[PDB]
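*Asks:* Sequences listed follow chains A, B and C, in order. Going letter by letter, the first sequence gives residues 1 to 107 in the working numbering. Going letter by letter, the second sequence gives residues 108 to 214 in the working numbering. Going letter by letter, the third sequence gives residues 215 to 321 in the working numbering.
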Amino acid sequence: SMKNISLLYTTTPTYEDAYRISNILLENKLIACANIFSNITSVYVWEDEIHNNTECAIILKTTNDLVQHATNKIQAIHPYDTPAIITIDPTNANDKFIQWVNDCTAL
Amino acid sequence: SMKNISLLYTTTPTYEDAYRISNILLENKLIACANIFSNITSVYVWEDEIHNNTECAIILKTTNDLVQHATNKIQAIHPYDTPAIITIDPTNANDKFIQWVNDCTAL
Amino acid sequence: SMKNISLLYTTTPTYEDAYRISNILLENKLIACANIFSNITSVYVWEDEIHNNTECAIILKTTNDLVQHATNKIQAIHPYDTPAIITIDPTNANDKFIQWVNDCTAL
Ligand SMILES: [Ca+2]
Ligand SMILES: [Ca+2]
Ligand SMILES: [Ca+2]
Ligand SMILES: [Ca+2]
Ligand SMILES: [Ca+2]
């Protein structure tokens with residue numbers, strides 16, 4: 001339970017992409033868990049017009065020493081050329097959870 | 108509007124569990140509101156295999172002096188032995204809302 | 215990619231409201247994108263009892279120098295008298311996304 005936790009946020013065009021990324025990250029012990037939110041609507045401007053499509057969001061939980069590697073890995077395997085890969089540092093968590101996230105991700 | 112706000116994030120196995128936690132915290136004036144997200148998929152490893160199940164996520168809003176009390180309370184009533192109870196301190200919010208969160212949770 | 219990105223979080227009574235706000239912010243180049251989460255349940259106290267209604271949540275992505283302007287604009291156009299408009303500052307993001315958020319919001 002030594003290391004502080006970090007959150008990673010990213011979006012994917014499909015659920016399968018979100019599941020695949022979560023899987024690859026878990027298998028590499030780069031995260032402890034992922035929360036996948038389905039059917040989010042993403043709205044943005046492309047070519048001076050407002051576009052939207054359906055996506056999944058993911059919250060990834062890991063420790064702060066693994067954040068850069070996890071980001072690099074997501075970037076390497078992401079279906080998007082320009083994905084949102086965003087790091088949020090929580091101010092606190094319950095000790096039992098901090099412990100578990102560390103244990104899951106320790107080599 | 109004296110105190111700065113904090114967000115708490117947690118997940119539950121069912122919607123009913125999330126409503127219940129939301130409810131109990133509200134009646135104790137430990138939070139001002141809850142946002143419940145349904146049908147999220149959580150992915151993690153157990154016994155060396157990758158598992159997933161469906162959960163609800165919750166964002167809980169309160170003031171910073173109540174975070175520890177609210178976390179302790181969530182731990183005591185949570186269905187999971189090891190729940191994720193995570194605190195994020197926003198850098199800013201609009202005054203009318205900070206005021207409201209304060210008025211809802213102040214003894 | 216000069217300026218750091220910031221996140222805004224808010225909720226709306228309907229999806230149409232969330233889409234409308236996203237739209238207005240985009241046409242003013244005050245955000246780079248919106249992620250809209252539908253059919254969330256919001257729980258709070260009204261009239262000394264615990265109430266709930268349906269909402270959408272939105273995560274808005276922009277640059278830090280636009281946060282105040284984006285918040286002011288949201289307050290002016292929001293259907294709620296007391297909206298939650300919350301700023302979260304990520305600790306890190308991938309360069310390509312920072313670059314894009316900056317390019318999208320430049321006049
Ligand atoms: Ca395999
Ligand atoms: Ca009762
Ligand atoms: Ca605090
Ligand atoms: Ca127009
Ligand atoms: Ca700022």
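The C-beta atom is built at its ideal place from N, Cα and C for all residues, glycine as well.
Which residues end up in the neighbourhood of ligand 5 when you take C-beta atoms closer than 7 Å to any of its heavy atoms?
*Replies:* The set, ordered by position in the chain, is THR198/B, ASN199/B, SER220/C, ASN278/C, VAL281/C, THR301/C and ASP303/C.
*Asks:* Ends of the beta strand (DSSP E) at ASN52/A?
*Replies:* 49-63
*Asks:* Can you give me the Cβ contacts of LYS3/A inside the same chain, cut-off strictly under 7 Å, excluding the 5 residues immediately before and after it?
*Replies:* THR63, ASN64, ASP65 and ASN102
*Asks:* Quick test of the definition: if touching needs 3 or more C-beta pairs under 8 Å, does the segment 120-137 of chain B touch the segment 228-238 of chain C?
*Replies:* no
*Asks:* Using the Cβ count rule (16 or more neighbours within 10 Å means buried), how would you classify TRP260/C?
*Replies:* exposed
*Asks:* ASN92/A CB to nearest chain C CB: under 8 Å?
*Replies:* no
*Asks:* DSSP beta-bridge partners for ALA307/C?
*Replies:* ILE86/A
*Asks:* What in chain B is Cβ-close to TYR19/A, meaning under 9 Å?
*Replies:* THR148, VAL150 and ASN159
*Asks:* So is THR296/C buried or exposed if we call it buried at 16+ other beta carbons inside 10 Å?
*Replies:* exposed
*Asks:* Within the same chain, show all residues whose beta-carbon is closer than 8 Å to that of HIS265/C, passing over the 5 residues directly before and after it, in chain order.
*Replies:* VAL257, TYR258 and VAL259
*Asks:* Measure how close the beta-carbons of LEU114/B and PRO197/B come, nearest whole angstrom, since I'm counting them as under 8 Å.
*Replies:* 6 Å
*Asks:* If you check the beta carbons only, do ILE36/A and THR212/B fall under 8 Å apart?
*Replies:* no
*Asks:* Find out if the Cβ-Cβ distance for the pair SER236/C, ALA248/C is shorter than 8 Å.
*Replies:* yes
*Asks:* Using a C-beta to C-beta distance shorter than 9 Å, which residues of chain F count as neighbours of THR296/C?
*Replies:* You won't find chain F in this structure, because its protein chains are A, B and C.
*Asks:* Mapping DSSP to helix, strand and coil, what is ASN249/C?
*Replies:* strand
*Asks:* Would you kindly work out how many angstroms separate the C-alpha atoms of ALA307/C and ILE86/A, rounded to a whole number?
*Replies:* 5 Å
*Asks:* Listing by chain order, which chain A residues have their CB less than 8 Å from the CB of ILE192/B?
*Replies:* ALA93, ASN94 and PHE97
*Asks:* With H, G and I counted as helix, E and B as strand and the rest as coil, what does DSSP make of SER129/B?
*Replies:* Three-state result, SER129/B: helix.
*Asks:* Strictly below 8 Å CB to CB, what residues from chain C border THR71/A?
*Replies:* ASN306 and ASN308
*Asks:* Have a look at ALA70/A and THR224/C and give me their C-alpha separation to the nearest angstrom.
*Replies:* 28 Å
*Asks:* Could you list which residues in chain C have their beta carbon closer than 7 Å to that of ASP89/A, in chain order?
*Replies:* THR305
*Asks:* Here's the rule I'm using: 16 or more other beta-carbon atoms within 10 Å means buried, otherwise exposed. How should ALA76/A be labelled?
*Replies:* With fewer than 16 other Cβ atoms within 10 Å, it is exposed.
*Asks:* Listing by chain order, which chain C residues have their CB less than 7 Å from the CB of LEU137/B?
*Replies:* None at all; the shortest Cβ gap to chain C is about 12 Å.
*Asks:* Kindly indicate if chain A contains any beta-carbon less than 8 Å away from that of residue 156/C.
*Replies:* Nothing about residue 156/C can be read from this structure; chain C reaches only from 215 to 321.
*Asks:* With which residues is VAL259/C paired in a DSSP beta bridge?
*Replies:* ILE264/C
*Asks:* Report the three-state DSSP secondary structure of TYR229/C (helix, strand or coil).
*Replies:* When DSSP states are grouped into helix, strand and coil, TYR229/C belongs to the helix group.
*Asks:* Using a Cβ cut-off of 7 Å, pull out every chain A residue sitting near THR118/B, in sequence order please.
*Replies:* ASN35
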